[PDB]
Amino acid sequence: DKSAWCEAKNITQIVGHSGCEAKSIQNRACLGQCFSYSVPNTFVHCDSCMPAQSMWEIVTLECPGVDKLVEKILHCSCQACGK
């Protein structure tokens, strides 16, 4: 047997990067191994590990002491590679 796994991995991202001072925040990244298969015909399925739940959060930078929008990934799951 082989199982499909998709997980939200803890990361630190650094927003940067304009003429202001960068900040580090805690986030998640999706990482996984979903099933895909391709069966031939005569004249097909793709899943990938992507955000299942996320939210937008504002991060304010000091210059040197602007706002930046960041995506907070909460959960991940195997979904159709379509969109």
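Each residue number is its position in the shown sequence, starting from 1.
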Deposited but uncoordinated residues in the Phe43/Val44 interval = 4 to 9
If you count the residues of the deposited sequence that sit between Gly65 and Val66 but have no coordinates, do you get none, 1 to 3, 4 to 9, or 10 or more?
-> 4 to 9
Would you tell me which stretch averages the higher CA B-factor in the PDB entry, 68-76 or 19-27?
-> 19-27
Selected stretch [higher average CA B-factor]: 55-63 or 8-16 = 55-63
